[PDB]
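Two forms, one protein chain; structure tokens for each follow separately as structure 1 and structure 2.
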Structure 1
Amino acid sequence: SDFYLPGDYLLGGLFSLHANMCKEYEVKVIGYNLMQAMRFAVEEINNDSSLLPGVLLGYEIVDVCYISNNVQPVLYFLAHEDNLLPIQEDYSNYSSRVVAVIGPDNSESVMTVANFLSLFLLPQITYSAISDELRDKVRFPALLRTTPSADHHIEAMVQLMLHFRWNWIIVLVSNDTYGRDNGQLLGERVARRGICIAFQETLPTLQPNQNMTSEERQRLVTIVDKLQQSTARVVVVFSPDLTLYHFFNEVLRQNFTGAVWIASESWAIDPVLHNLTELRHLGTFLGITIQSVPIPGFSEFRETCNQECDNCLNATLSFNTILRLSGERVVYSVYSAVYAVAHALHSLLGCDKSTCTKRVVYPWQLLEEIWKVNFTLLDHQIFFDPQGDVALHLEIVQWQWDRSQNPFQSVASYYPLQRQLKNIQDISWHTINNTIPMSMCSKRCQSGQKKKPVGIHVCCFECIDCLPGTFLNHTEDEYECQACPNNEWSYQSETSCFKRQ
């Protein structure tokens, strides 16, 4: 079956195959795709005699629902072949079944597993878990990532807003931790750069295949009304993919149009949302995501409990064409993670690239090596920061609905080692003449016309004419008018004075 392969050393894989017994929930396309990424990577290691000659790199996989069925697979990994896990003061000499864990995607599951694995220092590499607290190596000593942190996603969003001068925005967050702290982070960044946040609202976490009550529907109306009335035409959404299906329908029902929607990585490249044809009419859809890396031949490969999925194949076959037509983005995170473990083990065993001296491996010995790997994989160098991140590039994708070529066109790239957004390209807007859509609290004042703030938001001001005999020294102040020297006078709103009798 797909979920096990024997070998001399086992990796442990944790993947979310069902969304909402964990089997009873609706299946996810992306989860099975990522699982296939891991399986393909390990097959390639077993083909490549240059990496691990004569050593069978095996894998064992378990489905972990979004935030459920945790704990159980960790016990299954740490317990020995007699299915018993001994309690000990010092585990230096202990030998688990798996030597590394390719950890979950969701941050809460990642922490739930890390608080357990830190006890044994079993190395854990997590794709796509962007929560910032995972940089705290005092708290999570055994954890590494093959994706940049949430810091860099927020920085990419902010620099995108700066490039097009969208200093007046709206933020929507899901009523859960992922939305809450990401909104907090975006606010923290925004206040520092001169952008203003019109308001922030919390979405209800509605299940997509579930009925909606009166109060929830009225909440959705109450949010979209604020969207419709406000002058801020840029909306940033922080939510899991699942919750948005209900929200956008309501937006469609309200005849709303003409906003720029900025998507976080949790839904920026979701096929299930993309396939809704009518989103075309709400405006421009942009999203921040991990870079695209074409795997050499991944598609041709893609063609004691919870180790099974019945619905995955038939469900994925409905998406197969768009999946192949789309790029490979997080698949590369999983692939490079397996390759990182492979290189760490390869150097730890000291294999000479002709034969390997097979040995009992204690996980902490491999954990102390996984930090020192530095190698090219598909022309990208992967190596880990001291805080645990691989500095892969981010890219900004516009959603395009021509089913013939590509659903997610890259219009920009972002470099986290330099912390800069670059290579911004020809975005195609919803506007009447393709002119850049605009949002600002209030329009820039006339010359000789001082500002007066209207509220808390620095961006918002009235323009007031300087009375005669005073002038606005634009170069030295903005909120008051200098008095002309006694030999000179001024024509009301003007930057300068004139000699007069």
Structure 2
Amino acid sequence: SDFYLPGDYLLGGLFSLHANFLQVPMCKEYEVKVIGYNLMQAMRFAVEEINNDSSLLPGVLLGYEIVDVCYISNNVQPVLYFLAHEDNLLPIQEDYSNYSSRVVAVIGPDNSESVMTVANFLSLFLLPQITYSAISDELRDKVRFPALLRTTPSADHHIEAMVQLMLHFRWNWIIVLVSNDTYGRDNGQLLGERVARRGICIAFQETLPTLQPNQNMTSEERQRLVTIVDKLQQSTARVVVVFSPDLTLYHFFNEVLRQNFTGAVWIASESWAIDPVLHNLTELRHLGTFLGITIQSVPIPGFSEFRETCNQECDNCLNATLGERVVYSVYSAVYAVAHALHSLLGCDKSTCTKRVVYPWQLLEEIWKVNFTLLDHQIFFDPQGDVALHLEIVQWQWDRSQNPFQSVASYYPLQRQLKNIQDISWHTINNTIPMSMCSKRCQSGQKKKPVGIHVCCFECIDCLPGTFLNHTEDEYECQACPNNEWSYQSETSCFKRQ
């Protein structure tokens, strides 16, 4: 099958092509997922293009061994298959510095849980793993995951983009909805950490139930959704951040529509920011403004005309097909491994030598690459991440143009949001919608805090004989000099006779 190419050195690839404990599960039980097929084709295009490029690996062939993984449900077997050498046998020994595996590097899984699972196994051998879509911040620990790298930013930068979007439009007062998953809780906690340093108050955080879109919903789950939407309706906050997988939100937004809720700004995380299934729900355009934070697209030139004993034969993908924003991560991962190998072999144009390589040295070289690919400079931060651009997209429903329209771009090395464009709002006159917990003071009014959140305060007039200096304090009045007085709520003193 096309899952395999022979060569002098082989890359391993893990992609999810498909969506009684004694019964062994099989991927064919699940429907095809086209995104994973696109990513597989991205890897194949990258490797064959590298084989065509005489200036990168002259006379050396990159092969590959690609294996389908049903997300978390099969992660052990492919790793053993990659690690074994002679007669599909894998020796157990204390020191592996002299051992050669079937593959020299792995283009690792998609899900953060599966990435960690594979990393804990490959860490024993220091076989390098590069991953393309796992944004979890925990992967930055190289004591815990020494051999793992990423061609994508982490949740740190997504939350930074969210918070700077909030700051730019001066939103002080937000709501956070999270899934029950580790993903939702992780991102909710991270956002809670980030906002407190920047002056943004979370009105309340609430957890969505783990529903599935086609299946029936129980009465208590329906009531749970009703309660959450009631909390949304009662609150004065109108900026809502949702950390949930896309499949779960169909029921939630159906309930929101049923209650005739409208007038919010919805901030989408990368896990649902660009979902067509949610987008095609025609009535979402009436709930408010949808903004989504996602990795920025990079077009591969030649890719379109190229595209159009187990777990290596899945014929159903083609007719299911008949991932643009993630493709570049896989492409650049393959190119990173290729450049690291080109360095490791001591190679030069038309003058390669086919030296025997042990993966732990290729890891050391992979940490060292720095080159321009497709007009972007890709190199690994010491914490293992490549600095690719993020973007903010607004959902549009005019089918004359693309569903998701870029409205801002974020730079992780400069760590700031830039090139903001004209968002078209739901407001009556295209004015920026504002969410603030309390209105700003008149001059000569002191703030009196209310409750826990910093943004909550009463505005109270200064009494005669006292004044408020906004450059000096705002939470209590200060007295006039012994021969001065003031006009009650006033910033300044005046002389008594």
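We call the rigid core the largest set of C-alpha positions that still match within 1.5 Å between the two forms. Residue positions are counted from 1 along structure 1's sequence.
Chemist: Once you line up the core, how about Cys312: does its CA shift reach 2 Å between structure 1 and structure 2?
Modeler: The answer is yes; the displacement is at least 2 Å.
Chemist: So with the core overlaid, does the Cα of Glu462 end up 2 Å or more away between structure 1 and structure 2?
Modeler: No, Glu462 moves less than 2 Å.
Chemist: Treating the chain as two rigid parts, how far in degrees does the smaller one rotate relative to the larger between structure 1 and structure 2?
Modeler: 9 degrees, smaller rigid part against the larger.
Chemist: What's the distance in angstrom the Cα of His80 travels between structure 1 and structure 2, core superposed?
Modeler: For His80, the alpha-carbon shift amounts to 2.7 Å.
Chemist: Taking the rigid core as the frame, how far in Å does the Cα of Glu278 move between structure 1 and structure 2?
Modeler: For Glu278, the C-alpha ends up 1.6 Å from its position in the other form.
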